[PDB]
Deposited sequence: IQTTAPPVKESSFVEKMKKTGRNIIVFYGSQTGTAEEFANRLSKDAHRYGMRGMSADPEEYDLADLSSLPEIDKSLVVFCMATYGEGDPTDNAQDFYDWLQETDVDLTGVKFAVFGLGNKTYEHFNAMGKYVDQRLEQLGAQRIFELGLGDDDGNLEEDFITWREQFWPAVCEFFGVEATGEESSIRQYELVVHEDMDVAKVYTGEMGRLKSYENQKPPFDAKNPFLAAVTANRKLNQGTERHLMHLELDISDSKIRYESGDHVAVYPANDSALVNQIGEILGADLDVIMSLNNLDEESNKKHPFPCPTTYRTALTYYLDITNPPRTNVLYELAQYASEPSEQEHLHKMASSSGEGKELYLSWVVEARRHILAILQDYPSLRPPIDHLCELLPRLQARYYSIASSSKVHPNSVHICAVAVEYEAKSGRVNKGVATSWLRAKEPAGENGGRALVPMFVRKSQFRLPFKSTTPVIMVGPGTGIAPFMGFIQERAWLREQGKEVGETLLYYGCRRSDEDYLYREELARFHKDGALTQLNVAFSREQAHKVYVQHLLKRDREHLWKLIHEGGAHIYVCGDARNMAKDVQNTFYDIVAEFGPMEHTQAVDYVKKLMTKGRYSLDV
């Protein structure tokens, strides 16, 4: 592991009074942290972002040694209300700890989604725990909602945050504005092709000469063994991929996740270089104008613009308000420069404009640059404002017991008409779809979704659509525990699709698993073969009687995977309704009964 030296001392030697910590998994908490950090400057202060995993939060008790010190926590909730992987140490510390944080000023902005069981469990916990330890709070806990518009929640929070900080402290709004760069463009008018980054994530040339172990910092270029179309119809594109993980010493069980690092669309990369009048084949690097940080570049350098745009940056998701504000200065046409600046707006017509014209219309960077022709920003700066391309996760669709050498992926390619007028393409899926048996930089993330330990326990699997991914592994494995002489309890699947002749995923394989008894019951819900919708819940409601026999008397485990928005919630109320009917109890006590099955490892979600 190896922690970094005391962050308070580091702040002392750099004149920083505020540190902002990020509990990120996909770069959102990290992004917010960075914005708040650089914000401090225009308020008579100097901030600093930081990954908790790299430090000993115990040093928190030292922040008081710095004048007008402040710690902010931008945390995201994940798993069953669990903290993000980098926040684990911290979360764990917060508990065992006895430390006295007297004199510590803090504030917490949490990132969650009401769509889940444990809304901002992590954020709410950090804010609550630090106060117990003795630290004082200088601002109300923030509850951003990804389900609605997380970006806006953060803005209204940030808008109220700083003034309170300013008030509590002597500081105040200093000067007009800023427009300060984090990096310096050092053009390498000529450099050694062997010292140039071509798209690897960690060590230089790590993609070329592979060498275990492999992880998020060191992905394993797995070869694409197969890429099969699963959908019968033409409405959408659902595909099956098999990645060759031989000689990678990678370990995985059914239920785990596989992460992939994709490549943006080149037409979209080139057009950005083209409208910007820039040459993407310029070799360069952007070194931190702060020679005191670890983050020397905002991505592997030296590299070419083309490379950063292709493998290191996000050019398809809607630009955040701060990025747009920073760009406004490049709009020659004043009316256009207005719209841009006014989208960072505190609220009002501007907050209406950004939400509909950019987010709803789902305008990526290039689209903006096209609708505001007077906006031509220098390319080296745009690269500094663009967020990093994140790896995409997929629920490994195979069993290690059976395919220890391969990691399968069941996915639906994203492609749609945006409202922006253009057709959007899903980064990872469009990329995977183009792979023809072909390497995919990947890596596995251990999950909590797991078959039960004793092969005899009954399992109920509810996975509509692609939510069947992990279950293909589960079944593959149980089919194994039977072919292997072991005794297996009932294995039930509640799958759903549109029509059996359109997107019945794994129709054939699933039939074999039924004609062999690996699948006790194969209960499929064809949502569009009749005027009314027939969903999994309905099948569940139908078998209410038997399901209570496996749940209440059989000690069966419940697994739900798929859509979190509705399916998960719907499928849940049904289980409440079931329990509330059999071995009768009030509603309220049926929900507590159910919520108590998820606690005891018998009701697992993965949405």
{"item": "Where the deposited sequence has no C-alpha coordinates (positions from 1, in order)", "value": "1 to 6, 444 to 450"}
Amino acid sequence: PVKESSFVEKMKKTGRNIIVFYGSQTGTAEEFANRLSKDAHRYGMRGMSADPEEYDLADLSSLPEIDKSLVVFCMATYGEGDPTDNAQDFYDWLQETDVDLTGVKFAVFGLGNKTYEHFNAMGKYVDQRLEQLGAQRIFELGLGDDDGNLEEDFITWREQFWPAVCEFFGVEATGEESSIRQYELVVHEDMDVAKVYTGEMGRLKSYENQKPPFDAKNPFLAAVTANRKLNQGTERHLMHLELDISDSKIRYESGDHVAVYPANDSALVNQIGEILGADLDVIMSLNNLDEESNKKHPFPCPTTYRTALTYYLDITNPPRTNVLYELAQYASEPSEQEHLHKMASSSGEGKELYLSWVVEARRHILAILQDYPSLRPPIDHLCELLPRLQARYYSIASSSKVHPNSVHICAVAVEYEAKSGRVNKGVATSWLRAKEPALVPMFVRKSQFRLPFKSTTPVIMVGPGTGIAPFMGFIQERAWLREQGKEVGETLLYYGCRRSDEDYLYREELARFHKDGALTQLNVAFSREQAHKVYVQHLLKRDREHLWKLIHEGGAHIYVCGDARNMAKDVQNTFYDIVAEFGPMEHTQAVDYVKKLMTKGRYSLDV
From here on, numbers count along this sequence of modelled residues.
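Between two forms, the rigid core is defined as the largest C-alpha subset superposing within 1.5 Å.
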{"query": "Which of 189 to 197 and 409 to 417 strays further in 4 other deposited structures of this protein - Cα RMS after rigid core alignment", "finding": "189 to 197"}
{"query": "Stretch with larger C-alpha RMS deviation in 4 other deposited structures of this protein, core superposed, 495 to 503 versus 421 to 429", "finding": "495 to 503"}
{"query": "Across other compared entries, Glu177 missing in at least a third", "finding": "yes"}
{"query": "Comparing 535 to 543 with 25 to 33, the one whose average Cα B-factor in the PDB entry is higher", "finding": "25 to 33"}
{"query": "Mean temperature factor over C-alpha atoms, higher-scoring stretch between 203 to 211 and 69 to 77", "finding": "203 to 211"}
{"query": "Given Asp98, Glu326, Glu140, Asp256, the residue at which the Cα B factor reaches its maximum", "finding": "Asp98"}
{"query": "Out of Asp265, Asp314, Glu242, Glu292, residue topping the C-alpha B-factor column of the entry", "finding": "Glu292"}
{"query": "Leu389 by Cα B-factor - lowest, middle or highest third of the modelled chain", "finding": "lowest"}
{"query": "Position of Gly144 among the chain's modelled residues by C-alpha B-factor, lowest, middle or highest third", "finding": "highest"}
{"query": "Entry-reported Cα temperature factor of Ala226, expressed as the chain third it lands in", "finding": "highest"}
{"query": "For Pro458, the third of its chain into which the C-alpha B factor falls", "finding": "middle"}
{"query": "Third of the chain, ranked by Cα B-factor, where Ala479 sits", "finding": "highest"}
